[PDB]
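Protein chains in written order, with the entry's author numbering: chain A, 972 to 1020, 1027 to 1068; chain B, 16 to 389; chain C, 293 to 389.
Notes follow the structure.
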Amino acid sequence: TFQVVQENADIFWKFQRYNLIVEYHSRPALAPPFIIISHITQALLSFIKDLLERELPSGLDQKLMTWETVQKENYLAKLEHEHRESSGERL
Amino acid sequence: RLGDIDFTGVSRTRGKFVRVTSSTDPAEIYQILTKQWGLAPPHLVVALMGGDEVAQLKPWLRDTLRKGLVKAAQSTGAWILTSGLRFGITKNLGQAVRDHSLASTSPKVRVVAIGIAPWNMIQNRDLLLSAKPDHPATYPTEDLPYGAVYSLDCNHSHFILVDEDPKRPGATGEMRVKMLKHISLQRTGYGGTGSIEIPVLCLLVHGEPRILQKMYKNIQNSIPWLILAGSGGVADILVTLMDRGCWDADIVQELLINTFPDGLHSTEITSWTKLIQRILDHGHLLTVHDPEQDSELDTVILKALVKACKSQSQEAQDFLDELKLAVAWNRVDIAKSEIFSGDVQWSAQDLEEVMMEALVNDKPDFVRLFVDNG
Amino acid sequence: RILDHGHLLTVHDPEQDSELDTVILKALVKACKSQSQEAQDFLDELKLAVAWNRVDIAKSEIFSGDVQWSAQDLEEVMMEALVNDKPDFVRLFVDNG
C-alpha cells in the first residue's frame, strides 16, 4: 500500500496545502488564547465599518489575456511540430 | 504638424502621427521617426503593397502570413510599413503586431507597425485635426465597409498622414517608394561601426494593376519583392509566370485578362503588359513565398536578400550584411548553403566582426561555421 | 457517345481504393464542377461531404481556389457541421471566411 499510494499522497498533500494556505490568509495573526483580542477588534471594525485572488486594471488584464493567447498558440504550434517530426508520421 | 491620438473603443491605446506633404524630403520624416518618436533604426523593413482590394485573403492564409511575418520580425527590431487604415490584411496584421507587442517579455526588440495613409482616405479627420500637444486628440474606432473611406487602425503605433498631391492621385505611392529608398540607404545601428545597411523588403498581397508602376519604380530602386503564391491579384499572375519559366506578351495579356476581366482598355493593357515584362526582366529581385509549401517567411526573406546581394557583386564585404542578418536569425543552414559556398573568398579580417556578433549573441552554430572557415 | 461525356463516368477499383464513399463523393463533386462554378451549386456536395467526415476530399476538391466562398453561403453548412459534431469541417469553415 505504501509503494502504490505514496505518489498520489504527495499530490493530494499539495492540493490540501493550497486550501490550508488559503485558510491561513484570513486567520488573525494572534494565536489563542490571545485571539480574543483580534476577534473583538474585527467585530468592532465590522460594526463601525488579498495577495491571492486579486483584480487587475483593464490594461494589464488585457495584456495578460493576450500573453496567455500567445503562449497557447506557441504551445499548440509546438505540439503540432512535434507531431510532424514523429517517427510514425514520417513513416 | 505633430500630434498624438488616444484611440477610444474596445482597447484604449495611444498613437502618434504626423501630417506631411508629398513634396517633402523623406530624410526629414526619417529623422523625426528616429529622434522625435524615439524609434530605433530598424533591423528589417517589410512594406505591404496590397490588401486594399475588395477581395480579401482567406482567414487561414491571412493567419499564416501574419504568424510568419511576426515570427520573422520578433528576432530583431523590425518595421512593418502598411497603409494605416483599419481594413483588409492591414487591420489583422496590425492586430498581430499589437498582440506580439503586448505579449513581448523583452521590450529591447520592438516590432513597430508604421502607417503611411493618404489624407483623403481618413475617416473623422477633423477629430484628429485638433492634435493639441498637451491633450492628445480623441479618435473613435469604426470598422467601416470597403467603400472609399476608412478609419485609422488603433493597433498601428505611428502614422504618416500624407496629403493628396494636386498634380496626380498617387502621392501616397510616391511617398512610400521614396521612403523605402531612403530607408534602404541607412545604417541599422546607432553608429556605423557594428551596423548593417537596413534591409528593406516589399511584400505583395493581391495587388491591382494600378500599383504596377509603383512596383516597377521600387524594383528600379533595387529593393527585393516577395510574392504570395495564393494572394489572388497580380501576385497570382507573377507566380504563374514564374512557374512558366518564360514570359510572352500574348501569354501575359491572356493571364491579365483572365485574372482581371473588368479591366479592358487597350492602352492600359499594353502598358501593364510592358510593365510586367520589365518587372520580370529583373527576376533576381522577385521571390515567391508559398505558405502551403515553405511557411518559413524568415528563410524566404534571407534567400531573397542573399540572392539580390549575390546578383549585385561577388565581393566578401558586400555579403557582410546578409551574413550578419543570417547570424541574427540562427539560419546556419541558409548561410552555409548560400554565402559560404565556394564563390566568395573569406579572410579572417573580413570575418572578425561577424565572429564577434555571433559570439556575443549566443550563436554556437555560426561560431562553429566561422572557426571552420578561416 | 457514353465516353464522350466522361465526367459522369468514374472507375472504382476495390483492389486499389476500397473506399466507396470517397469515390462516390469524388464522382458527385466532379459532376458538379463540370456543371458550373457557382458556390451555391457546390452546396449539396459540400453538405454531403460534411455528412461523411470527408474533410480531406472537401478541402482537395470544393475548397481549392476556383470557388469563391462568402460567409452567407457557408452559414448553413457551418450549422450542419456544428450540429452533427464534425470538428474538422468546423475548423475548415472558420478558416475559410
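Ideal placement from N, C-alpha and C gives every residue a C-beta, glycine not left out.
Taking C-beta pairs closer than 7 Å, name the residues in chain B that residue i reaches, listed in chain order.
i	result
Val-342 of chain C	Those within 7 Å of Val-342 of chain C in chain B number zero; the least Cβ separation is about 18 Å.
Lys-1040 of chain A	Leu-117
Can you check which of these residues, the options, is closest to residue i by C-alpha distance?
i	options	result
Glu-368 of chain C	C:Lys-339, C:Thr-302 and C:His-299	C:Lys-339
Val-33 of chain B	B:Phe-174, B:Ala-87, B:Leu-100 and B:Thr-91	B:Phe-174
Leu-195 of chain B	B:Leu-176, B:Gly-66, B:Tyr-45 and B:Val-177	B:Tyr-45
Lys-82 of chain B	B:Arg-29, B:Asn-135 and B:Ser-310	B:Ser-310
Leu-256 of chain B	B:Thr-285, B:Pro-276, B:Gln-292 and B:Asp-358	B:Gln-292
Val-127 of chain B	B:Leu-117, B:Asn-135 and B:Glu-157	B:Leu-117
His-996 of chain A	A:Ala-1014, A:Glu-1030, A:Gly-1036 and A:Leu-1041	A:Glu-1030
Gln-329 of chain C	C:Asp-313, C:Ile-354, C:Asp-348 and C:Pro-379	C:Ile-354
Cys-261 of chain B	B:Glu-283, B:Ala-250 and B:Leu-295	B:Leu-295
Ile-198 of chain B	B:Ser-38, B:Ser-356, B:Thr-28 and B:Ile-47	B:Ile-47
residue 9 of chain B	B:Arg-346, B:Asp-387 and B:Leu-384	What is shown of chain B runs 16 to 389, which leaves residue 9 of chain B out entirely.
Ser-356 of chain C	B:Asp-365, B:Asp-258 and B:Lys-73	B:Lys-73
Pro-151 of chain B	B:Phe-22, B:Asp-40 and B:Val-254	B:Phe-22
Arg-183 of chain B	B:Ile-213, B:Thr-28, B:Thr-36 and B:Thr-282	B:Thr-36
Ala-244 of chain B	B:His-221, B:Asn-233 and B:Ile-234	B:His-221
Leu-1033 of chain A	A:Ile-1019, A:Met-1042 and A:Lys-1020	A:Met-1042
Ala-323 of chain B	B:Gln-308, B:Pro-214 and B:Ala-250	B:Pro-214
Name, please, each residue of chain A whose Cβ falls closer than 7 Å to the Cβ of residue i.
i	result
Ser-121 of chain B	Those do not exist, as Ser-121 of chain B stays about 13 Å from chain A at its closest Cβ, beyond 7 Å.
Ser-26 of chain B	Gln-1039
Quick check: residue i and residue j, are their CB atoms within less than 8 Å of each other?
i	j	result
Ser-98 of chain B	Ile-131 of chain B	yes
residue 415 of chain C	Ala-373 of chain C	This structure cannot settle anything about residue 415 of chain C, because the visible part of chain C is limited to 293 through 389.
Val-315 of chain C	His-297 of chain C	no
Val-60 of chain B	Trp-94 of chain B	yes
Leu-176 of chain B	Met-64 of chain B	no
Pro-239 of chain B	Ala-319 of chain B	yes
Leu-100 of chain B	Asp-168 of chain B	yes
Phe-381 of chain B	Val-342 of chain B	yes
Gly-204 of chain B	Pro-56 of chain B	yes
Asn-236 of chain B	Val-164 of chain B	no
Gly-247 of chain B	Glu-223 of chain B	no
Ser-166 of chain B	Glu-157 of chain B	yes
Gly-30 of chain B	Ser-119 of chain B	no
residue 395 of chain C	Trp-344 of chain C	A question about residue 395 of chain C goes unanswered here, because the residues of chain C that appear run from 293 up to 389.
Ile-242 of chain B	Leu-301 of chain B	yes
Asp-387 of chain C	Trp-287 of chain B	no
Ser-26 of chain B	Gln-1039 of chain A	yes
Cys-217 of chain B	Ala-62 of chain B	yes
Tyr-161 of chain B	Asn-139 of chain B	no
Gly-103 of chain B	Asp-67 of chain B	yes
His-299 of chain B	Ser-281 of chain B	no
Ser-1009 of chain A	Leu-1016 of chain A	no
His-115 of chain B	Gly-92 of chain B	no
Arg-125 of chain B	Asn-170 of chain B	no
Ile-992 of chain A	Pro-999 of chain A	no
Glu-1066 of chain A	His-1060 of chain A	yes
Could you name the residues of chain B that residue i contacts, counting a contact when the two beta carbons are closer than 9 Å?
i	result
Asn-388 of chain C	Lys-73, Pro-74 and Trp-75
Based on the DSSP secondary-structure assignment, which residues constitute the bridge partners of residue i?
i	result
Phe-174 of chain B	B:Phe-32 and B:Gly-130
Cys-217 of chain B	B:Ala-62 and B:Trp-240
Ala-152 of chain B	B:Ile-20
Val-386 of chain B	Answer by DSSP bridge pairing: none, since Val-386 of chain B is not bridged.
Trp-94 of chain B	B:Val-60 and B:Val-127
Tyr-165 of chain B	B:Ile-137
residue 390 of chain B	In the structure displayed, chain B extends from 16 to 389; residue 390 of chain B sits before or after that span and is not available.
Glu-212 of chain B	B:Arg-202
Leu-100 of chain B	B:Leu-167
Taking Cβ-Cβ distances shorter than 8 Å, what residues in chain A pair up with residue i?
i	result
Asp-114 of chain B	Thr-1043, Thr-1046 and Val-1047
Are the stretch 16-34 of chain B and the stretch 138-157 of chain B in contact at 8 Å, needing three or more beta carbon pairs?
-> yes
Please confirm if the stretch 222-238 of chain B is in contact with the stretch 184-195 of chain B, defined as three or more CB-CB distances below 8 Å between the two stretches.
-> yes
If we count Cβ pairs, one from each stretch, closer than 8 Å, do we get three or more for the stretch 316-334 of chain B versus the stretch 104-121 of chain B?
-> no
Contact between the stretch 263-277 of chain B and the stretch 204-220 of chain B (3+ Cβ pairs under 8 Å) | no
Taking contact to mean at least 3 C-beta pairs separated by less than 8 Å, is the stretch 52-59 of chain B in contact with the stretch 276-289 of chain B?
-> no
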